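Structure record follows, encoded as structure tokens.
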Amino acid sequence: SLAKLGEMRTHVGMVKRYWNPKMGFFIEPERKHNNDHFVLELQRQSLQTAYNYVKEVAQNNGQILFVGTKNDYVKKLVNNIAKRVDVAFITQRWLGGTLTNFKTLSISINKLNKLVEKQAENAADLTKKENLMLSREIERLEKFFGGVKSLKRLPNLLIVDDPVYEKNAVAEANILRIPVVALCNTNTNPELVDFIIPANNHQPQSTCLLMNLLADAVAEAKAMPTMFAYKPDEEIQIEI
Amino acid sequence: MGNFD
Amino acid sequence: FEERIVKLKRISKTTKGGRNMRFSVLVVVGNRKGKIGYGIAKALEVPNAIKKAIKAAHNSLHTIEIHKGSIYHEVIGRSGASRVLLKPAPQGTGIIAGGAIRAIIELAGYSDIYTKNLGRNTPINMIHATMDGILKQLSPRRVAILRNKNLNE
RNA sequence: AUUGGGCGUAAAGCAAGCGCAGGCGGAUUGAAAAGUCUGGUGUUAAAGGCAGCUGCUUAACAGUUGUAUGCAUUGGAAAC
RNA sequence: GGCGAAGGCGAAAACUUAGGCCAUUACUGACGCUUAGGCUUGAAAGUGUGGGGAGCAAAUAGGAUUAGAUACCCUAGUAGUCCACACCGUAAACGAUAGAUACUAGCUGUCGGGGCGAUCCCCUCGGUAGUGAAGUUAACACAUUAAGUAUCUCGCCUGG
RNA sequence: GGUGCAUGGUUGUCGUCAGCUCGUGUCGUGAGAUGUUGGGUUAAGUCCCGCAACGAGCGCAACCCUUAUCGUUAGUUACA
Numbered sequence: 001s002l003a004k005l006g007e008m009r010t011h012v013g014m015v016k017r018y019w020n021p022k023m024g025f026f027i028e029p030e031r032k033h034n035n036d037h038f039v040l041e042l043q044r045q046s047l048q049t050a051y052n053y054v055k056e057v058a059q060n061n062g063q064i065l066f067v068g069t070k071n072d073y074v075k076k077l078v079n080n081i082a083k084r085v086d087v088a089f090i091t092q093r094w095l096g097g098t099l100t101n102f103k104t105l106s107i108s109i110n111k112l113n114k115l116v117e118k119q120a121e122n123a124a125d126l127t128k129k130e131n132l133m134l135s136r137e138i139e140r141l142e143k144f145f146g147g148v149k150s151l152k153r154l155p156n157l158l159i160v161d162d163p164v165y166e167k168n169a170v171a172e173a174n175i176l177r178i179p180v181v182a183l184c185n186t187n188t189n190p191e192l193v194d195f196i197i198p199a200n201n202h203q204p205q206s207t208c209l210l211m212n213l214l215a216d217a218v219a220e221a222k223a224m225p226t227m228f229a230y231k232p233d234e235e236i237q238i239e240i
Numbered sequence: 241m242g243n244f245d
Numbered sequence: 246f247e248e249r250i251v252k253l254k255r256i257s258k259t260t261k262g263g264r265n266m267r268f269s270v271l272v273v274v275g276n277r278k279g280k281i282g283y284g285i286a287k288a289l290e291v292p293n294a295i296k297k298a299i300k301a302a303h304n305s306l307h308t309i310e311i312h313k314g315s316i317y318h319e320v321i322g323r324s325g326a327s328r329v330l331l332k333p334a335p336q337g338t339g340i341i342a343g344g345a346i347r348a349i350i351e352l353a354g355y356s357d358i359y360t361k362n363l364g365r366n367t368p369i370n371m372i373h374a375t376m377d378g379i380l381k382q383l384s385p386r387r388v389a390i391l392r393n394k395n396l397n398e
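Just so you know, the protein sequences line up as chains A, B and C, in that order. Numbered according to the working numbering, the first sequence spans residues 1 to 240. Numbered according to the working numbering, the second sequence spans residues 241 to 245. Numbered according to the working numbering, the third sequence spans residues 246 to 398.
In structure tokens form, the structure reads like this:
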């Protein structure tokens with residue numbers, strides 16, 4: 001299969017009665033349902049184009065960032081993706097200015113390296129308060145930069161799970177000339193994002209489907225097996 | 241257009 | 246490459262025990278062959294604001310194309326409660342000089358142009374008026390491309 | 001403020017309305033050509049400026065060819 | 001919330017009467033809009049011709065406070081407050097937002113009506129409000145009922 | 001000898017007061033804001049959880065001294 005449409009079963013659909021004309025090419029006239037659905041053919045060619053583009057960028061060792069700040073399910077999953085193939089990720093939001101420079105990143109990553117190479121000796125040799133504080137900023141570097149500790153430079157690409165859930169992220173993305181790929185809903189704005197992905201994110205099934213799509217795009221790029229999008233097996237994974 | 245290198 | 250100063254203003258946010266006096270400076274730079282930038286900054290002392298403004302101009306660089314050492318078309322730019330009118334001039338006519346306008350034109354490196362102002366004359370507002378006037382410059386190649394008439398006529 | 005401005009709060013929309021004169025005003029197709037544009041014709045003096053030149057050593061200056069609309073009038077034009 | 005051009009209109013009943021909204025497969029034929037002067041209306045107060053006056057309360061009287069209270073706190077109380085006619089026409093007489101004219105994201109509503117029906121929900125055409133894109137603005141802000149877009153017109157502003 | 005409106009240094013003051021700021025970045029055309037915001041948190045911007053903010057400095061704490069408990073070096077010119 002190649003992102004087969006038969007498997008596609010909860011990608012059409014989103015929240016009700018908040019859409020804008022920017023999605024007018026994505027939605028047919030509505031009376032039957034009122035829960036804004038999508039068009040199958042258009043999403044198919046758009047997703048094929050996105051897959052081909054990310055693979056082509058990814059042969060030359062491009063860097064991709066993931067927005068891991070939706071509940072838990074997609075979060076732990078994209079944690080797994082960002083871990084087996086080692087690239088940058090986050091588990092918490094940007095606090096603003098997280099993607100604008102590197103000095104705040106550089107001093108932070110040096111602090112992390114010093115911490116991991118130092119506290120491996122100290123558990124009770126220093127004060128108890130020292131142990132608690134060091135574990136605290138361990139947790140802190142895990143919250144923000146334990147998902148990103150390998151930047152030669154800020155990532156060449158990124159995926160946004162939901163832009164109307166991460167206005168700030170797509171804002172800094174549009175500030176820079178960096179190419180941008182992001183999911184799109186009927187509340188999102190597919191006029192500031194560079195790559196359109198008209199897929200739902202409220203239901204975790206769609207999130208994990210596009211999740212596997214990107215994971216397989218980045219996997220075959222660096223000679224890694226491909227669990228879906230080339231496997232005729234219908235994606236079996238169920239919600240938790 | 242894609243193919244960013 | 247030029248880094249010519251514009252203006253100095255005294256600015257102070259108020260608090261108990263006095264006024265938070267400090268300087269505010271604006272600089273505008275241009276390669277005189279197409280690339281131009283600008284930057285305004287505030288600081289308690291000169292070097293901080295000067296460095297901030299120069300680095301902002303470096304980040305805010307934007308490019309224009311050479312048009313026989315003039316701007317070959319009529320354009321009106323409305324910004325900062327002022328209007329700027331830019332029109333070309335023949336080769337052997339010379340360049341007019343209004344302080345901020347002449348500064349920005351020199352940064353863009355022109356030798357002959359006609360320009361008029363209308364309204365208030367605060368410096369940063371002329372910066373906005375000029376960037377409005379120059380950023381929406383039209384090119385014959387682009388209008389030819391968006392048409393099927395690839396020759397002028 | 002034709003070129004070339006505004007009136008929500010900086011100055012100003014009348015308290016609102018019935019509206020004469022006046023200005024503007026749907027489409028179609030007909031005459032005619034009033035406005036209008038355009039080609040000839042009479043006239044728009046002298047002088048000034050503009051361009052070319054002549055005279056004074058040099059310009060100021062003077063003289064010299066064109067240079068000034070517009071009005072009437074002959075012929076086209078019927079888009080408004 | 002509705003109806004009003006505006007001022008404004010809220011006990012019941014009757015009488016006379018204006019205007020509006022919906023489709024008009026019914027109709028004339030551009031007969032349309034503006035509107036200088038011109039005309040009509042128009043909160044409050046007030047003046048004559050009288051009424052009536054339960055309270056109110058200017059003005060005024062007295063008491064209490066207060067250094068000064070000449071106001072305010074209180075007790076009385078004139079004109080006036082309401083009726084019929086004659087006039088004064090002005091006000092933060094505001095949406096501080098002229099008339100009329102079509103066109104331009106959306107959403108939350110609400111009211112009247114035609115489809116339709118237990119209601120309720122729906123669509124529709126108008127009205128009435130909030131959120132709010134682009135855009136327009138010095139800003140606030142405005143935003144299909146615009147300060148957007150443009151258009152015909154009158155009135156108006158040239159610093160204090 | 002005057003001139004603390006020519007001064008330095010020194011001291012009082014709010015005040016053992018918790019705020020003072022700055023760098024980077026962003027928003028706003030600007031004076032600015034953002035941090036320094038909010039929920040807990042104690043005396044503290046002392047600390048924590050989220051937030052267009054991330055950091056850094058200053059007062060802020062710890063590293064000074066004494067008291068109260070014990071071990072130990074010493075035991076008289078104290079003790080007896």
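Don't be surprised by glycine CBs; every beta carbon is placed ideally from N, CA and C.
Residues in its own chain within less than 7 angstroms of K149 (chain A) by CB, not counting five upstream and five downstream?
Against the first sequence, residue 149 (chain A) aligns to sequence position 149. Excluding sequence neighbours, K149 (chain A) sits near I109, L112.
Opposite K252 (chain C) in the DSSP bridges: which residues?
As a working note, residue 252 (chain C) is residue 7 in the third sequence. Its beta-bridge partners are C:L271.
Can you tell me whether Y283 (chain C) is helix, strand or coil according to DSSP?
Counting from one through the third sequence, the residue named residue 283 (chain C) turns up at place 38. DSSP places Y283 (chain C) within a strand segment (E or B) once states are collapsed to three.
With a threshold of 7 angstroms on Cβ separation, who are the neighbours of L352 (chain C) within its own chain once the five nearest residues in sequence on each side are excluded?
Locating residue 352 (chain C) in the third sequence gives position 107, counting from the first residue. The residues are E247, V273, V274, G275, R277, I281.
Would DSSP call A348 (chain C) helix, strand or coil?
Residue mapping note: residue 348 (chain C) aligns to position 103 of the third sequence, counting from 1. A348 (chain C): helix per DSSP, three-state reduction.
What do you reckon, are the CB atoms on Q63 (chain A) and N156 (chain A) nearer than 7 angstroms?
By one-based count along the first sequence, residue 63 (chain A) stands at place 63. By one-based count along the first sequence, residue 156 (chain A) stands at place 156. Yes. Within cutoff.
Just checking: is the beta-carbon of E239 (chain A) within a distance shorter than 7 angstroms of some beta-carbon in chain B?
By 1-based counting over the first sequence, the position of residue 239 (chain A) is 239. Not one beta carbon of chain B lies nearer than 7 angstroms to the beta carbon of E239 (chain A).
Going along chain B in order, which residues have a C-beta closer than 7 angstroms to the C-beta of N60 (chain A)?
What you label residue 60 (chain A) is simply residue 60 of the first sequence in a count that begins at 1. Neighbours of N60 (chain A) in chain B, taken as residues at a C-beta separation under 7 angstroms, are given in chain order as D245.
Whole angstroms are fine: how far does the CA of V160 (chain A) sit from the CA of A171 (chain A)?
Here residue 171 (chain A) refers to the residue found at position 171 when the first sequence is read from its first residue. Here residue 160 (chain A) refers to the residue found at position 160 when the first sequence is read from its first residue. Roughly 11 angstroms separates the two Cα atoms.
Does the beta-carbon distance from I349 (chain C) to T375 (chain C) come in below 7 angstroms?
In the third sequence, the residue the question calls residue 349 (chain C) occupies position 104. In the third sequence, the residue the question calls residue 375 (chain C) occupies position 130. Less than 7 angstroms divides the Cβ of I349 (chain C) from the Cβ of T375 (chain C).
Member of A:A229, A:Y51, A:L210, A:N185 whose CA lies at the smallest distance from the CA of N20 (chain A):
In the first sequence, the residue the question calls residue 20 (chain A) occupies position 20. Measuring from the Cα of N20 (chain A), the nearest candidate turns out to be A:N185.
Quick one: does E220 (chain A) have its CB under 7 angstroms from some CB of chain B?
For this step, residue 220 (chain A) is matched to residue 220 along the first sequence. Not one chain B Cβ lies under 7 angstroms of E220 (chain A).
Three-state secondary structure (DSSP) of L151 (chain A):
In the first sequence, the residue the question calls residue 151 (chain A) occupies position 151. Coil, per DSSP.
Which residues in chain B sit within 9 angstroms of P179 (chain A), going by Cβ to Cβ distance?
Taking the first residue of the first sequence as position 1, residue 179 (chain A) is located at position 179. Those are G242, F244, listed as they occur along chain B.
Take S257 (chain C) as the anchor and find which of C:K287, C:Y283, C:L271 has the nearest alpha-carbon.
Working through the third sequence from its first residue, we reach residue 257 (chain C) at position 12. Ranking the options by Cα distance to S257 (chain C), first place goes to C:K287.
From which residue to which residue does the alpha helix (DSSP H) around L391 (chain C) run?
What you label residue 391 (chain C) is simply residue 146 of the third sequence in a count that begins at 1. Bounds of any alpha helix (DSSP H) do not take in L391 (chain C), whose DSSP letter is neither H nor E.
Determine the DSSP secondary structure at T308 (chain C), reduced to helix, strand or coil.
The residue you call residue 308 (chain C) lines up with position 63 of the third sequence. For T308 (chain C), the three-state secondary structure derived from DSSP is strand.
Cβ pair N34 (chain A), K16 (chain A) closer than 7 angstroms:
To locate residue 34 (chain A), count along the first sequence from 1; it is residue 34. To locate residue 16 (chain A), count along the first sequence from 1; it is residue 16. Closer than 7 angstroms, so yes.
Opening and closing residue of the alpha helix (DSSP H) in which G378 (chain C) lies
The count along the third sequence starts at 1 and reaches residue 378 (chain C) at position 133. Counted as a single uninterrupted DSSP element, the alpha helix (DSSP H) harbouring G378 (chain C) occupies residues 368–380.
Got a sec, what are the start and stop residues for the beta strand (DSSP E) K361 (chain C) sits in?
The residue labelled residue 361 (chain C) in the question sits at position 116 within the third sequence. Where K361 (chain C) is concerned, the enclosing beta strand (DSSP E) stretches over 359–364.
Taking any Cβ of chain B, which residues in the stretch 28–61 of chain A have a Cβ under 8 angstroms from it, in chain order?
Cβ contacts with chain B come from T49, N52, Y53, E56, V57, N60.
Starting from the C-beta of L134 (chain A), find all residues in its chain whose C-beta is less than 6 angstroms away, skip the five residues before and the five after it, and write them out in chain order.
Numbered from its first residue, the first sequence carries residue 134 (chain A) at position 134. Cβ within range, chain order: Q119.
Using 7 angstroms as the threshold, is the C-beta distance between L363 (chain C) and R323 (chain C) below it?
Taking the first residue of the third sequence as position 1, residue 363 (chain C) is located at position 118. Taking the first residue of the third sequence as position 1, residue 323 (chain C) is located at position 78. No.
Just the C-alpha distance for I27 (chain A) and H37 (chain A), rounded to the nearest angstrom, thanks.
In the first sequence, residue 27 (chain A) corresponds to position 27, counting from 1. In the first sequence, residue 37 (chain A) corresponds to position 37, counting from 1. The C-alpha of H37 (chain A) is placed about 7 angstroms away from the C-alpha of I27 (chain A).
Residues in its own chain within less than 8 angstroms of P385 (chain C) by CB, not counting five upstream and five downstream?
If you number the third sequence from 1, residue 385 (chain C) lands on position 140. Taking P385 (chain C) as the centre and dropping the five residues before and after it, the same chain places the C-beta of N397 closer than 8 angstroms to its C-beta, in chain order.
For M266 (chain C), three-class secondary structure by DSSP:
By 1-based counting over the third sequence, the position of residue 266 (chain C) is 21. Note: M266 (chain C) maps to strand in three-state DSSP.
Using only alpha-carbon positions, find the residue among C:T260, C:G284, C:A334, C:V270 that is nearest to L306 (chain C).
What you label residue 306 (chain C) is simply residue 61 of the third sequence in a count that begins at 1. Nearest C-alpha to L306 (chain C) among C:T260, C:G284, C:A334, C:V270: C:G284.
Beta-carbon proximity check, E319 (chain C) vs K300 (chain C), cutoff 7 angstroms:
For this step, residue 319 (chain C) is matched to residue 74 along the third sequence. For this step, residue 300 (chain C) is matched to residue 55 along the third sequence. In this structure, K300 (chain C) does not lie closer than 7 angstroms to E319 (chain C) by Cβ.
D86 (chain A): buried (16+ other C-beta within 10 angstroms of its C-beta) or exposed?
Taking the first sequence and counting its residues from 1, the one referred to as residue 86 (chain A) is at position 86. Taking all protein chains in view, the Cβ of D86 (chain A) is surrounded by fewer than 16 other Cβ atoms within 10 Å, so the residue is classified as exposed.
CA-CA distance, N122 (chain A) and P163 (chain A)?
Translated into the one-based positions of the first sequence, residue 122 (chain A) becomes position 122. Translated into the one-based positions of the first sequence, residue 163 (chain A) becomes position 163. Between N122 (chain A) and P163 (chain A), the C-alpha separation is close to 42 angstroms.
Identify whether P225 (chain A) lies in helix, strand or coil by the three-state DSSP scheme.
Reading the first sequence from its first residue, position 225 is the one you call residue 225 (chain A). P225 (chain A) falls in the coil class under three-state DSSP.
Out of A:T10, A:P198, A:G96, which has the shortest C-alpha to C-alpha gap to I175 (chain A)?
Your numbering for residue 175 (chain A) matches position 175 in the first sequence. Among A:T10, A:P198, A:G96, the Cα nearest to that of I175 (chain A) is on A:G96.
Please list, in chain order, all residues of the same chain as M14 (chain A) whose beta carbon is under 6 angstroms from its beta carbon, the five residues on each side excluded.
Within the first sequence, the letter at position 14 stands for residue 14 (chain A). Only residues of its own chain outside the window of five on either side were considered, and among them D36, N185, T186, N200 have a CB closer than 6 angstroms to the CB of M14 (chain A), listed in chain order.
Does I240 (chain A) come out as helix, strand or coil in the three-state DSSP assignment?
Start at 1 with the first residue of the first sequence, and residue 240 (chain A) comes out as number 240. Correct three-state label for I240 (chain A): coil.
From A:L47, A:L5, A:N79, A:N52, pick the residue whose C-alpha is nearest to that of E220 (chain A); which is it?
Within the first sequence, numbered from 1, the residue matching residue 220 (chain A) stands at position 220. Considering only alpha carbons, the answer is A:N52.
Residue environment, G147 (chain A), which counts as buried when at least 16 other CB atoms sit within 10 Å
Within the first sequence, numbered from 1, the residue matching residue 147 (chain A) stands at position 147. With at least 16 other beta carbons inside 10 angstroms of its own, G147 (chain A) counts as buried.
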